[PDB]
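The structure appears below as C-alpha cells.
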Amino acid sequence: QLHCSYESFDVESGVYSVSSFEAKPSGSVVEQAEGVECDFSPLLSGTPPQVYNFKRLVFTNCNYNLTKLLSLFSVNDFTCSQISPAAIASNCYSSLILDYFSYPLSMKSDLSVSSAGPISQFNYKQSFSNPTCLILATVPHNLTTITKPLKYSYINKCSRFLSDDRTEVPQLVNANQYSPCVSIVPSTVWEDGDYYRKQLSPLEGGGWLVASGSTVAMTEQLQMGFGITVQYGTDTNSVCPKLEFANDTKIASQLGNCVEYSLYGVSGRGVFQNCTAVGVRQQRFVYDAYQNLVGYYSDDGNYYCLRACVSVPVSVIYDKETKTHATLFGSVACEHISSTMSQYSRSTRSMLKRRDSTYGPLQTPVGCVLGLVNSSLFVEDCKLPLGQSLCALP
Amino acid sequence: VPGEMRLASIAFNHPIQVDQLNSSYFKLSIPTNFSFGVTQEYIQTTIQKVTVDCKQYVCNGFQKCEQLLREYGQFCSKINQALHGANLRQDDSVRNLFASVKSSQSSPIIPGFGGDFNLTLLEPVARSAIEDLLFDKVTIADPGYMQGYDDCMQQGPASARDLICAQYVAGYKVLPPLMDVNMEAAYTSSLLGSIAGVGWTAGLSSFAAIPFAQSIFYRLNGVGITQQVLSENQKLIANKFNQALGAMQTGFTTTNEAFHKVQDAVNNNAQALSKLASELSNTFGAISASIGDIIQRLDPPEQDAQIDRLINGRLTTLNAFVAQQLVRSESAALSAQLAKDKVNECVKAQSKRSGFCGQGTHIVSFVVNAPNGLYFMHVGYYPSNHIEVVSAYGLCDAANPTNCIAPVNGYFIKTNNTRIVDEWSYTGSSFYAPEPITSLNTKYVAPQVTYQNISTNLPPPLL
Amino acid sequence: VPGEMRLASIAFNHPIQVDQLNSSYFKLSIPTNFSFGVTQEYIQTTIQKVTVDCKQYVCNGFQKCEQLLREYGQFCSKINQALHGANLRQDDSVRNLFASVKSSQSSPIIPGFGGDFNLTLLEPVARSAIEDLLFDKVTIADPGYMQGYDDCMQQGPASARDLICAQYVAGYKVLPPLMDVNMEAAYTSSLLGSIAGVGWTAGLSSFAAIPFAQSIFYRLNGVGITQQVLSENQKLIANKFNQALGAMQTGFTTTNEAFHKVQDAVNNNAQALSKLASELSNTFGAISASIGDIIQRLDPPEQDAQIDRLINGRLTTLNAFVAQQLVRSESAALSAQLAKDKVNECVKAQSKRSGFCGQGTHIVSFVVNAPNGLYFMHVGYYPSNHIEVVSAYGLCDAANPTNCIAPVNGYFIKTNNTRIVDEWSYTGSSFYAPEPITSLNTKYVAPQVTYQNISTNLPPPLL
Amino acid sequence: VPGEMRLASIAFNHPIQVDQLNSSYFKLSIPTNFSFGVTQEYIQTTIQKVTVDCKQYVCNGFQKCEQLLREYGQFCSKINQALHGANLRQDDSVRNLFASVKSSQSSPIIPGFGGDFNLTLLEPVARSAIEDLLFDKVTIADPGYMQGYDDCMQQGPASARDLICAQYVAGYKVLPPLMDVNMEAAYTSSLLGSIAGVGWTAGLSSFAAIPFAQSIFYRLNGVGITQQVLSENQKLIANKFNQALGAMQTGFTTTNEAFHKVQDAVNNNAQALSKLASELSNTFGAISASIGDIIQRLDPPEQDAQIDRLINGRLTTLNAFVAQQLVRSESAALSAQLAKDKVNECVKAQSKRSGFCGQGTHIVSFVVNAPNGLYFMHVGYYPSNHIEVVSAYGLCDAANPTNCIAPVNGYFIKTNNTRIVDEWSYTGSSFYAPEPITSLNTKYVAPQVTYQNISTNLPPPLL
C-alpha cells in the first residue's frame, strides 16, 4: 500500500500510518416490536374516493406483510421516490400512511410526484419530506366487496375572484391536504365541466370562490391509485414488518462486542453496558450534541450506555537499509493483539510475519507492538523516533 | 444593583520632566528606591501532531466507497504527504531545541539550592512545583496514549464523554510528543544548573559554580550598583527579591496573559479536531450523512449519487483542514526558533539588550516546560523615587589641565552627604548612593571645557 | 521624440583593493572625508480593522433569507469569531507597542530644541512637521468615524463618491484605531525627549539631559573620532549634519520606497473592502443579484432556488475574505514586533550592531507615526576619500621588550605630518587625523614579533 | 539476513556535575583539549519565479473560449496581478541582499590566500570549488533560458523528457534570476576579501589586511586564549584547523541536513509546476479534457456545457496555485532577511552572541551561493577533556586590603605547575594553561571577604 501510494518501488525509510483495523462487529440483535397487525381491511370494500375526497389510513404500533396486501390487486404501475420499492416494505417506521382513490388508466397520466397536471394543481400534492411509493392498480373480479364510482372525476379549477369581479387568484392544493374548494364541490362531478361558485363574505376577505371539475368514463374493472408514505421518528418507530425473531438467539442482551443492531428500527452497531440512567426517561433514545446516541433507556429497565465501536490505529516503522520493519498498535494493548488476526486492517500482514511468524507481541509504554527485540539499550539518535524516550533501534 | 457604565477617557502616564541646562553641569534623575519584579511569557513551540485514516474518515468500510474512492485514492495520498511532513517538522524543531538546551556541565540541584532564597519553585526530585501547578490549572483533556483506548473500550465509566477517545470513530490519531517528561525535567534541571557562572569572563566552556546571591551582586555591579551597598543591604535585598519570588504563587490566573495564552494554545488544538468531528455528522443535503442509511433507503444508482455528494463534502473538509495545519505547523516552528534564541541570550546569560527579558533592565531569568511550549520568567530591577541631582560633566586639575578624569559607570555628584568633606562625590549609575571619588571610580580623559576647573584637592590622582 | 530603448549591462561597484603585506607593517584604508546621511524605512504595524453585519451583507432584510439563513446561522457566528479575535489581536499589538514606548522620564521639547540644529521637523505644539506633510501627501480616503455617516446622509455634497460612506450598504464597519493622535504625539514627544542620555553608563533609569551636539560627539567618540577634531570642526560638522537634515524635505516622493510602502499599505486595506463591495453586484448566474428583483420576477419555488445560489456565492466570498484577513492580521502583528525591537535598540540608543539602522554605522535615529505604522530615520557617517597608509602592528621597547603598547581605538601611523617629530603617529580608527602617541591612545600589551623594535624614544611610557 | 528491529530507549547526555563550595574558593571546569569544528546551514532566499499565459493555459486558441473567457477576462488580470507583484518581491529581496553584501574595500584573492591553510574551497579564477561541487551534486533540472526552447524544438535528442521544456504547452514562463553568476562570484569574492580586519577597533570603514592566522589568534584572544599559547602551538593549531577544513569534502551528502534542505528547495519549486502540468490532463468529468476532442464529439450546446465545466476546473487550479505562491514568496523574503542579518553579524564579524553561528563559540565564518539561497559555514572551538581546578574569588594584600586584584578574562588557579614558585597561577578563561599572575592578567578591585588574605608576596602590585 505504501509503495503504491507513493508510486515507487522504494519508499524512503520512515514511520508511516496505515489503514486501521475494523474490529469485526458481532452478529445483530434487535429491540423491534411488540405490536399488533397493521390491518389494512378498510381497503377491502366500498367505492374509493374521487381524488379530492381522499380516504387515509395511518398505522402506528403495528406489524405487517404488505406483499399479502399487494396480492389482492393487479398493479399496473409501481414507482417510487426517495426509496426502493423493496425497501419501503423492509423498513420499520413511526408511521405508515396510505391515501387511496379511484383513478382510471386513461387519466392515470397525471399522477406523478412532479406532475404539473390539474390533479396536482387542485386535488393532490405530495411532500418531499417523506419517501413515497406510488401505486396504480386494478381490482380483480373476485373482489366483489369493492364498488366503483359512476365516473372517475377531479377538480380542474379552484380560484377566487376579486370583489371587483376582474382579478382572480388560484388556490393551489397544499401537500397532503384537501383544497379549500372541496367545501363547495359535490362528492363526484356529475357532468364534465360542472362549475360552482360561492360568494365570499367580508369575514372571508370578499370575492367569489369559483371551482370546476371534469370526469372520466367508468371502467369494467375498477382502477385505483395509492399514495404511500412513511415517517421516521425517534422513540415512535413502532410500525414495522412482522418479526422473523422465531428460532433465534436471545436478544438483545449479548454484550459482547459492538454488536450490530436495530432497536425499533434504530440501526447501527455498538457497545453497551448497564449504567446509570440519565434524564429523561421514556424518551428511550438520548443523543449527544452531534446527534449520536448516548444510550438507551431500555424496556428491560436498564439504561444501556453506548460506547460506540472500536478500531485499532496502526503504523509501520520502516528501515529500508535492512529492508525490515516493525509495527505499532499502541493504546489498544496486547490484550487484543495475537499471532493471527481478523478484524481487519489488511488481508495479510505477511510483511511482519516475515519474522513474526515466530514471535509474539510486545507491550510497551506507547503500547503493543510487533517485530521488535526488547534490547533496552540507550540510543543517541533514534533515526526512526517513537516519541517520548522510546526508540526503534535499527 | 449596578447602574450605568461610566463614560471616561484614557489616562496618560506622564513621565518626569528634566531640563537640559547650560554650561558645566546638569540635572540627573536617579532612583532612591526600587522594587524587584518579574516579567512573564509563554512561547508556544508546538502544534499537537495528528493524522487520520483517510478512508475510514470518509466511509467506514462501505462497499460503494471501496470502488468510488479508487477514483481519488491519490487524493488521500496527498493528504498524508502534507500531514506527515508537517508532523516531522514539529519533531525537527523539538530536537533543535534540545540541542541548544544541553550544556556541557551543570550544578546538581539540591534542596536548599538558591541559598538564601527558598526556591519553592523547585522540582520535588516530577515537574517544577510551578509546572505541576500550572499543568493542573490548565483545563486539559489528556490524550490517551496508554492505556487510552482501553478507556474508550467499555472498562467502567462509560460516562467518559471525551472526544479524546472518539478518535476511533474518525480514524484520528493524535500522535505522540517527542520527549519523555522526565527527560524534559532533566534538561530543565541542567538549565537551572547552568546558572553560575552566568558571566565571569566568557562563561562558555568554563563553569564556575559561584555564590548565588553574589552572582546576583555581580550582575548588579553590571547593572551599576556598587558592591559596598550590595553587601551592606544584602539581607534587605534578599528580602525584596524573595518577595518578588513569592508573588509567583498568584500567577496561576488568566490575569496573567501568558497563562491565558497557554489556555488558548490548548483550545486551538482541541478546536481543530472538534471541527473535524462535527463534520462527520454533516449531511451535505444528502438523503443522510450515513452511508448505511442511504443504502437502506435507496436504489443503488441513487446510492451512488448520494454517496458521491457525501464524499465530495467530506474530502473538501479534509483538504482545508490540512492546509490550515500546515500553516499552524510553520508558525509554531518559527515561534520555537524565537524561544531558542530567548534561552540562549535571555536565560543562559544576563542581557543588556533591553527590550526583551525584564523591563527593569535584566538580571537572572528562568524557563519552564509549559504545555506545548515554554514559559519564561525574567527578574529585573525596577527603579523608583527618582530625584534630580547635580552632576559635573567631568573634572580637571585647573593647575594642570592635561590631567582630567571622568566617572566610570556612575556620576560626579555635588556633595550632599555629611561623611564627605570633598566638594564632589560619586554615585553608581544605577542607584543613588554617595561615595568618595577614587581611582576605581574614574578614568583619565582628555580635557573639555565642561570639565570642572578644580585647582584645590584631587585624590585620583593627587593632582 | 525618443528612439529605441538601449540594451545595456549592469555596472559592478568595484570595491577598493588592499593587499596584505609581509612582516611588521601593513596597509590601512582610512577616510579623509565623509558625509552625513539618513536611511529610512516604513514599518507597517496594523491592518485596518473591520467587521460586517453578516446578514445584511447577504440579504437586506429579505424574507426568504430570514428563513434560509436559519440553516447557516452558525456560519456567520464563525465569521464573526474569526474577525473579532483578529481585531483584538491588532489592539493587543498597539498596547504592546506603547508599553515599550513609554519612558520613565524625558526632556520637555521646546522651540530651539536640538540646539545648533533647526529641527524644522518638530511638532508645532499636532503631528511632527514631517508627519503632517506625509499625511497630506498620502492619497488617503479618511474613514468617517465622526461625523462620518452624516456625510453619508444627504447633507450637502451628494457628489461624495466615497466608498468610505458606502459601508452602510454592505453593513461594513470600519473599526476605530486604538490611540488618540494627540496621545500618539505625546508618546512620540516622550521618545524625542528620551534622547540624552543615549549612552552615558547604563542609561536606563538614569536621565542625563546633556548637550545635543556633544551627545553626537560622544557617539562619534564611540564611532572612533577624537574629541579634538570633533570640537575643532564642530561648526562644520553641524553644517554637514544640518544639510543631511534639510534633505528630508525632498523625501516625500515615491522615489523614497518607504514612502511608497505607506502608499501601498493604504492601497491594501482599501482594496480588500472594494473587493467585497464589488461582490454585492455579483450576479452568480442567478436571474439577478437583487433578491427583490428576482422576487418580483419569480414564482416562490424559483425564488428560493435563485436565492440559494446567491447566498452560496455571497457567503463564499465572506469566508475567503476573512481567511485572508486573518493572515494579514498576523503578519502585521509580527511586523509590529520588529518595529518595537527597532525602537528599543535602533532608536532609544546608538547601535553598534551594524546591518540595521544607518549604513554609515550609526548615531542618532528617530521614529514617527506613519499611517498604520512607524517610519524611521537613521543618521549615520558615510566615509569617503579613502587613502592607504602605513600602520605598525604594535610597538615595543627594544631595550626592554617586556614593555609593549597597542593603539586603542585607532592605529600607529607612520608619521607624515609636520607637527610630529616622532617617527610614529596615532589616528582615531574612524577617520584620518594624526595625533601624538600618548598613554590615553594606547594600552600595555604582551610583546609580539610584529611589534616594532623601538630602542629610541617612547613617551607612553618613557621606556 | 536482518532479524527483528530492536526496541530501545533514548540516551541522555549527562553533563558534568560541578558542586558549589563554601567560602573563598571554588571548582572550575576547564578544558585541557579541544577540536575545531564547523556548523553548517542552508538558507533559502528565493522562490523560482514563474508566470503563465493565462489564456492558453485554459484553451489553446479554441474558439469557444475566445468568447467564454470574455466573461472572466478580469479573472486572469487578477491572476497576473498577484503573480507579477510576487515576482517583483523576489527581485526586491535580491537587490536588498546585495546592497548589504557590497563592501567599500576588500583584499584581492590569490592562490595561496589563507596563508598556512590550503583553502581548496577557493574559486578557480567560476564558483567556489565547494559551490561547483554542490551544484553538480544537486539533481537539478536546468531551466532553459538560452538556448532553452531550441532544445524544445526538435534539434537532436527528442528523448529530452524534461518538463523544463514542456512550459510551451502550458504557457509557463520560468522567469530569469536577477544576478549573473559571475557577479555573484564577484560579490562573494568581495565578502571573502572583507576578512581581515574582522575586529581591530570598529572595523567599519577601516580596512586592515592583517595575518590570516593571527586574525584567528586575535579572535582566540577574544575567545580567552593567551597569545603565548597561540604562538607556541601555532603549527598544531593550524593542523587541527586544516583538518576541520578538510572534513568539508565529505559534506556533500544528505547526511548534511542543509545539503538535503537544498535538495528539497529544488523539489518544492519543481513540484509546484509539475502539479500544474498534471492538471492540464485533468478531465473534470467532462466528455474529455481536450476541447478539440469534445468539439468533434459534440453538438455546440453541449460543447459549451462541457467547456464551461473544463474552464471552471482549470481556473480553480490556477487560482489556488497563485495563492500558494504568494505565501511561498513571502516566506522566502523573510528567510532572506534572516540570511542578511546572519551575513552582517555572523559572517562579516566574529560573534559573541552565541546561539547562532558555531556551537564552539565562534571565530571566522563563510557564506556561499547555494542554489536559490545561501549556505553558511561557521568555524568554532569545541572544548574537551575538562578538569576541575581550584580557583580563588580574588586576591588582596592582607597587610593593606584596600589593594585587591581580580583576574581579567581568566582565573586565579592554585599552582600545580613546576615552573611557578608562586602559590597562585593564572589561566586564560578559554583553556587550561598556567601563567604567572601579572599586571596584564589582573585589575584593581574593591576588597571582598572571599578574596584571599595574602600577606606574603604579590608582584601585581608589589603590595
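We name chains A, B, ... following the order of the C-alpha cells; residues begin at 1 in each chain, and ligands are numbered from 1 as shown.
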All helix (DSSP H, G or I) positions in region 119-327 of chain D, as a PyMOL selection string | chain D and resi 129-137+149-152+167-170+181-192+212-223+227-232+234-250+257-279+291-297+300-327
Output for the residues just chosen: C-alpha atoms as a compact mmCIF listing (two decimals), in the first residue's frame:
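To be explicit, this is the file written out as again_22.txt:
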```
# COMPACT_ATOMS: atom_id res chain seq x y z
CA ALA D 129 35.27 24.76 -5.52
CA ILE D 130 32.66 23.82 -2.97
CA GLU D 131 29.89 25.63 -4.82
CA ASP D 132 30.60 23.85 -8.05
CA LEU D 133 30.74 20.50 -6.28
CA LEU D 134 27.47 21.22 -4.58
CA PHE D 135 25.82 22.37 -7.71
CA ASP D 136 26.80 19.20 -9.51
CA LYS D 137 25.62 17.10 -6.55
CA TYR D 149 13.46 26.46 -26.36
CA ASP D 150 15.74 25.38 -29.18
CA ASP D 151 16.14 22.07 -27.31
CA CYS D 152 12.35 22.04 -27.01
CA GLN D 167 6.40 25.04 -20.48
CA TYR D 168 5.50 25.86 -24.10
CA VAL D 169 2.40 23.66 -23.71
CA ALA D 170 1.15 25.30 -20.59
CA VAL D 181 26.56 34.07 -11.56
CA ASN D 182 29.86 35.79 -12.30
CA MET D 183 28.73 38.89 -10.49
CA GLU D 184 27.53 36.70 -7.67
CA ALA D 185 31.00 35.24 -7.55
CA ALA D 186 32.45 38.76 -7.58
CA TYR D 187 30.26 39.69 -4.67
CA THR D 188 31.24 36.56 -2.85
CA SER D 189 34.86 37.26 -3.54
CA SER D 190 34.48 40.70 -2.05
CA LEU D 191 32.96 39.10 1.01
CA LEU D 192 35.96 36.83 1.28
CA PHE D 212 45.15 35.37 8.47
CA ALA D 213 46.40 33.11 11.22
CA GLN D 214 46.97 35.99 13.55
CA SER D 215 43.49 37.23 12.85
CA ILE D 216 42.46 33.86 14.14
CA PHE D 217 44.70 34.33 17.14
CA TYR D 218 43.21 37.73 17.66
CA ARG D 219 39.79 36.20 17.68
CA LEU D 220 41.13 33.50 20.01
CA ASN D 221 42.45 36.14 22.34
CA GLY D 222 38.86 37.35 22.32
CA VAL D 223 37.88 33.73 22.98
CA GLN D 227 48.87 34.64 22.92
CA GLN D 228 51.81 32.78 24.34
CA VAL D 229 50.00 29.54 23.74
CA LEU D 230 48.63 30.67 20.44
CA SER D 231 52.09 31.40 19.13
CA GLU D 232 53.72 28.33 20.62
CA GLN D 234 50.68 27.74 16.05
CA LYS D 235 51.65 24.84 13.83
CA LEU D 236 49.47 22.40 15.71
CA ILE D 237 46.60 24.86 15.71
CA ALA D 238 46.99 25.21 12.02
CA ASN D 239 46.90 21.47 11.64
CA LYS D 240 43.78 21.00 13.69
CA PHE D 241 42.11 23.83 11.84
CA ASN D 242 43.03 22.48 8.47
CA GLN D 243 41.75 19.04 9.40
CA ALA D 244 38.42 20.65 10.19
CA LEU D 245 38.58 22.30 6.80
CA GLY D 246 39.46 19.06 5.02
CA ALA D 247 36.38 17.39 6.52
CA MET D 248 34.23 19.68 4.31
CA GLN D 249 34.82 17.36 1.36
CA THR D 250 32.53 14.79 2.93
CA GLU D 257 20.75 18.21 6.54
CA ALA D 258 21.47 21.59 4.99
CA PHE D 259 22.50 19.79 1.82
CA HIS D 260 19.23 17.93 1.98
CA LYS D 261 17.41 21.21 2.52
CA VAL D 262 18.83 22.45 -0.75
CA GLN D 263 17.58 19.33 -2.40
CA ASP D 264 14.14 19.93 -1.03
CA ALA D 265 14.15 23.56 -2.08
CA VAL D 266 14.60 22.34 -5.61
CA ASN D 267 11.91 19.77 -5.12
CA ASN D 268 9.46 22.36 -3.89
CA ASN D 269 9.78 24.55 -6.92
CA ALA D 270 9.75 21.67 -9.32
CA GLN D 271 6.74 20.09 -7.70
CA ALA D 272 4.57 23.14 -7.94
CA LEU D 273 4.98 23.29 -11.69
CA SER D 274 4.56 19.56 -12.12
CA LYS D 275 1.26 19.82 -10.34
CA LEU D 276 0.02 22.41 -12.77
CA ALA D 277 1.23 20.29 -15.63
CA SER D 278 -0.80 17.33 -14.42
CA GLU D 279 -3.86 19.48 -14.26
CA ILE D 291 -11.54 20.85 -26.13
CA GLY D 292 -10.79 19.89 -29.69
CA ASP D 293 -11.95 16.38 -28.93
CA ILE D 294 -15.21 17.40 -27.36
CA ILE D 295 -15.83 19.75 -30.24
CA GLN D 296 -15.56 16.85 -32.62
CA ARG D 297 -17.70 14.75 -30.33
CA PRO D 300 -22.27 23.07 -29.93
CA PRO D 301 -24.75 23.46 -26.97
CA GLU D 302 -23.05 20.51 -25.37
CA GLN D 303 -19.67 21.73 -26.43
CA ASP D 304 -20.40 24.84 -24.45
CA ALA D 305 -21.60 22.90 -21.44
CA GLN D 306 -18.51 20.74 -21.33
CA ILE D 307 -16.14 23.58 -21.97
CA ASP D 308 -17.71 25.54 -19.15
CA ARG D 309 -17.00 22.67 -16.79
CA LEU D 310 -13.47 22.40 -18.05
CA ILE D 311 -12.84 26.10 -17.69
CA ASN D 312 -14.08 26.23 -14.17
CA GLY D 313 -11.83 23.43 -13.06
CA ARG D 314 -8.85 24.87 -14.89
CA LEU D 315 -9.31 28.32 -13.46
CA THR D 316 -9.79 26.97 -9.97
CA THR D 317 -6.45 25.30 -10.20
CA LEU D 318 -4.81 28.48 -11.34
CA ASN D 319 -6.33 30.45 -8.55
CA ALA D 320 -5.24 28.13 -5.80
CA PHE D 321 -1.79 27.86 -7.26
CA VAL D 322 -1.26 31.56 -7.16
CA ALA D 323 -2.39 31.78 -3.58
CA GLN D 324 0.14 29.21 -2.56
CA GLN D 325 2.84 31.01 -4.43
CA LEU D 326 2.07 34.25 -2.68
CA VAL D 327 2.66 32.52 0.60
```
Could you please select, counting only C-alpha atoms, the residues of chain A within 12 Å of chain D and state them as a ChimeraX atom specification?
-> /A:316-328,352-360,362-366,368-394
Convert the current residue selection to file output with N, CA and C atoms, as a short mmCIF file (atom, residue, chain, number, x, y, z; two decimals), in the first residue's frame.
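Saved the output as result.cif:
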```cif
data_model
loop_
_atom_site.label_atom_id
_atom_site.label_comp_id
_atom_site.auth_asym_id
_atom_site.auth_seq_id
_atom_site.Cartn_x
_atom_site.Cartn_y
_atom_site.Cartn_z
N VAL A 316 3.49 1.61 10.52
CA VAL A 316 4.68 0.86 10.12
C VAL A 316 5.97 1.64 10.30
N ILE A 317 6.93 1.01 10.94
CA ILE A 317 8.24 1.59 11.14
C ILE A 317 9.20 0.97 10.17
N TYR A 318 9.59 1.69 9.13
CA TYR A 318 10.34 1.04 8.05
C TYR A 318 11.78 1.47 7.89
N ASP A 319 12.68 0.50 8.03
CA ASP A 319 14.11 0.67 7.80
C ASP A 319 14.54 0.06 6.48
N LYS A 320 14.54 0.88 5.44
CA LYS A 320 14.82 0.43 4.09
C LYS A 320 16.24 -0.06 3.83
N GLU A 321 17.18 0.23 4.72
CA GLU A 321 18.52 -0.28 4.50
C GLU A 321 18.60 -1.76 4.78
N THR A 322 17.94 -2.18 5.85
CA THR A 322 17.84 -3.59 6.17
C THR A 322 16.65 -4.22 5.51
N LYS A 323 15.74 -3.39 5.00
CA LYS A 323 14.53 -3.85 4.34
C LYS A 323 13.63 -4.52 5.36
N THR A 324 13.58 -3.95 6.57
CA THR A 324 12.81 -4.54 7.66
C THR A 324 11.93 -3.50 8.30
N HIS A 325 10.95 -3.97 9.04
CA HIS A 325 10.09 -3.06 9.73
C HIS A 325 9.47 -3.63 10.98
N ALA A 326 8.89 -2.74 11.75
CA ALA A 326 8.17 -3.07 12.95
C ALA A 326 6.82 -2.40 12.89
N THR A 327 5.88 -2.81 13.73
CA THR A 327 4.61 -2.12 13.72
C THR A 327 4.09 -1.81 15.09
N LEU A 328 3.15 -0.89 15.11
CA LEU A 328 2.55 -0.45 16.33
C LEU A 328 1.05 -0.48 16.31
N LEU A 352 5.07 -8.46 8.20
CA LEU A 352 5.56 -8.60 9.55
C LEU A 352 5.93 -10.04 9.82
N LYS A 353 5.07 -10.95 9.33
CA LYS A 353 5.23 -12.39 9.54
C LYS A 353 6.52 -12.94 8.95
N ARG A 354 7.16 -12.18 8.05
CA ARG A 354 8.49 -12.48 7.55
C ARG A 354 9.46 -12.88 8.67
N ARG A 355 9.30 -12.29 9.86
CA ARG A 355 9.96 -12.79 11.06
C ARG A 355 8.94 -13.16 12.14
N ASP A 356 7.80 -12.45 12.16
CA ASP A 356 6.85 -12.56 13.26
C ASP A 356 5.95 -13.78 13.17
N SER A 357 6.15 -14.63 12.17
CA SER A 357 5.60 -15.97 12.21
C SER A 357 6.09 -16.74 13.44
N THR A 358 7.27 -16.36 13.97
CA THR A 358 7.83 -16.99 15.14
C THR A 358 7.77 -16.15 16.42
N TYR A 359 7.07 -15.00 16.41
CA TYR A 359 7.14 -14.09 17.57
C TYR A 359 5.79 -13.59 18.06
N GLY A 360 5.72 -13.32 19.36
CA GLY A 360 4.54 -12.70 19.95
C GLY A 360 4.67 -11.18 19.94
N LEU A 362 4.79 -7.42 21.82
CA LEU A 362 5.49 -6.88 22.97
C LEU A 362 4.71 -5.71 23.49
N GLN A 363 4.63 -5.59 24.80
CA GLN A 363 3.92 -4.47 25.37
C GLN A 363 4.91 -3.37 25.68
N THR A 364 4.56 -2.14 25.31
CA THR A 364 5.44 -1.01 25.54
C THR A 364 4.63 0.14 26.12
N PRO A 365 5.32 1.20 26.53
CA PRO A 365 4.71 2.40 27.08
C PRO A 365 3.84 3.14 26.07
N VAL A 366 4.21 3.15 24.79
CA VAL A 366 3.27 3.65 23.80
C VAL A 366 2.20 2.62 23.57
N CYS A 368 1.16 -1.74 22.46
CA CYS A 368 1.52 -3.02 21.89
C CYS A 368 2.16 -2.91 20.50
N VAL A 369 3.24 -3.68 20.28
CA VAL A 369 4.00 -3.69 19.02
C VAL A 369 4.40 -5.08 18.51
N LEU A 370 4.80 -5.14 17.23
CA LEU A 370 5.40 -6.35 16.64
C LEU A 370 6.72 -6.08 15.94
N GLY A 371 7.53 -7.13 15.77
CA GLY A 371 8.78 -7.02 15.02
C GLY A 371 9.96 -6.45 15.80
N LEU A 372 9.84 -6.42 17.13
CA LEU A 372 10.84 -5.77 17.97
C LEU A 372 11.51 -6.66 19.03
N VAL A 373 12.82 -6.45 19.22
CA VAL A 373 13.61 -7.08 20.26
C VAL A 373 13.65 -6.24 21.51
N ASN A 374 13.34 -6.79 22.68
CA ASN A 374 13.49 -5.95 23.87
C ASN A 374 14.95 -5.83 24.27
N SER A 375 15.68 -4.92 23.63
CA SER A 375 17.10 -4.76 23.92
C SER A 375 17.32 -3.90 25.15
N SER A 376 16.42 -2.93 25.34
CA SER A 376 16.51 -1.95 26.42
C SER A 376 17.85 -1.20 26.43
N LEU A 377 18.42 -0.97 25.25
CA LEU A 377 19.65 -0.20 25.11
C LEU A 377 19.36 1.28 25.02
N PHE A 378 20.40 2.09 25.15
CA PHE A 378 20.25 3.53 25.04
C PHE A 378 20.81 4.06 23.72
N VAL A 379 20.00 4.86 23.03
CA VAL A 379 20.33 5.32 21.69
C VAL A 379 20.55 6.83 21.61
N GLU A 380 21.64 7.24 20.97
CA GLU A 380 21.96 8.66 20.83
C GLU A 380 21.07 9.41 19.83
N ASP A 381 20.67 8.73 18.77
CA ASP A 381 19.76 9.27 17.76
C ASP A 381 18.91 8.17 17.22
N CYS A 382 17.61 8.20 17.48
CA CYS A 382 16.75 7.11 17.16
C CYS A 382 16.71 6.72 15.70
N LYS A 383 16.91 7.74 14.83
CA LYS A 383 16.70 7.61 13.37
C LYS A 383 15.22 7.47 12.98
N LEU A 384 14.50 6.49 13.54
CA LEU A 384 13.05 6.40 13.44
C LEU A 384 12.42 6.50 14.84
N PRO A 385 12.27 7.71 15.39
CA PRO A 385 11.82 8.01 16.74
C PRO A 385 10.41 7.54 16.99
N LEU A 386 10.17 7.08 18.20
CA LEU A 386 8.84 6.65 18.60
C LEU A 386 8.17 7.64 19.54
N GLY A 387 8.81 8.77 19.78
CA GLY A 387 8.30 9.77 20.70
C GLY A 387 8.82 9.49 22.10
N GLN A 388 8.47 10.36 23.04
CA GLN A 388 8.90 10.25 24.42
C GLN A 388 10.41 9.98 24.48
N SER A 389 10.81 8.90 25.14
CA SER A 389 12.18 8.41 25.10
C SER A 389 12.21 7.03 24.46
N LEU A 390 11.15 6.69 23.77
CA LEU A 390 11.02 5.41 23.10
C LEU A 390 11.90 5.35 21.87
N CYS A 391 12.26 4.15 21.42
CA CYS A 391 13.06 4.10 20.21
C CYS A 391 13.00 2.81 19.42
N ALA A 392 12.88 2.97 18.12
CA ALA A 392 13.07 1.89 17.18
C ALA A 392 14.53 1.83 16.80
N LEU A 393 15.32 1.13 17.60
CA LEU A 393 16.73 1.00 17.29
C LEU A 393 16.80 0.19 15.99
N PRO A 394 17.69 0.55 15.08
CA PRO A 394 17.80 -0.06 13.78
C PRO A 394 18.15 -1.53 13.91
#
```
Contact set, chain B to chain C: 9 Å, only C-alpha atoms, as a PyMOL selection string | chain B and resi 12-22+25-31+222-224+352-356+359-361+382-384+386+391+393+408-411+429-431+444-446+448
Residues near residue 337 (chain D), cut-off 12 Å, only C-alpha atoms, skip fewer than 3 positions along chain, as an MDAnalysis selection string = (chainID C and resid 338 355:356) or (chainID D and resid 43:46 90 92:98 100 330:334 340:344 373:374)
File of the preceding selection, C-alpha atoms, as an mmCIF file, in the first residue's frame:
```
data_model
loop_
_atom_site.group_PDB
_atom_site.id
_atom_site.type_symbol
_atom_site.label_atom_id
_atom_site.label_comp_id
_atom_site.auth_asym_id
_atom_site.auth_seq_id
_atom_site.Cartn_x
_atom_site.Cartn_y
_atom_site.Cartn_z
ATOM 1 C CA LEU C 338 10.068 44.041 14.648
ATOM 2 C CA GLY C 355 23.210 45.765 9.386
ATOM 3 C CA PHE C 356 20.092 47.611 10.580
ATOM 4 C CA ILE D 43 19.064 29.479 3.992
ATOM 5 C CA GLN D 44 16.747 29.670 1.072
ATOM 6 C CA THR D 45 16.401 33.184 -0.196
ATOM 7 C CA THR D 46 14.230 32.818 -3.234
ATOM 8 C CA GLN D 90 11.532 38.245 -5.066
ATOM 9 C CA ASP D 92 13.428 43.291 -4.395
ATOM 10 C CA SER D 93 14.932 40.946 -1.875
ATOM 11 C CA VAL D 94 17.792 40.112 -4.205
ATOM 12 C CA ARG D 95 18.748 43.723 -4.546
ATOM 13 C CA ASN D 96 18.440 44.193 -0.815
ATOM 14 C CA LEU D 97 20.816 41.342 -0.232
ATOM 15 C CA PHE D 98 23.467 42.640 -2.490
ATOM 16 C CA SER D 100 24.322 44.552 2.252
ATOM 17 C CA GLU D 330 6.636 35.934 1.408
ATOM 18 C CA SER D 331 8.262 33.181 3.352
ATOM 19 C CA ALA D 332 11.328 33.386 1.181
ATOM 20 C CA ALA D 333 11.502 37.130 1.620
ATOM 21 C CA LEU D 334 11.589 36.752 5.366
ATOM 22 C CA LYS D 340 21.186 39.086 5.518
ATOM 23 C CA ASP D 341 21.336 39.506 9.242
ATOM 24 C CA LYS D 342 23.500 36.422 9.505
ATOM 25 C CA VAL D 343 25.888 37.852 6.980
ATOM 26 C CA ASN D 344 26.095 41.115 8.829
ATOM 27 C CA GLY D 373 19.836 30.730 -1.379
ATOM 28 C CA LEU D 374 22.914 30.895 0.800
#
```
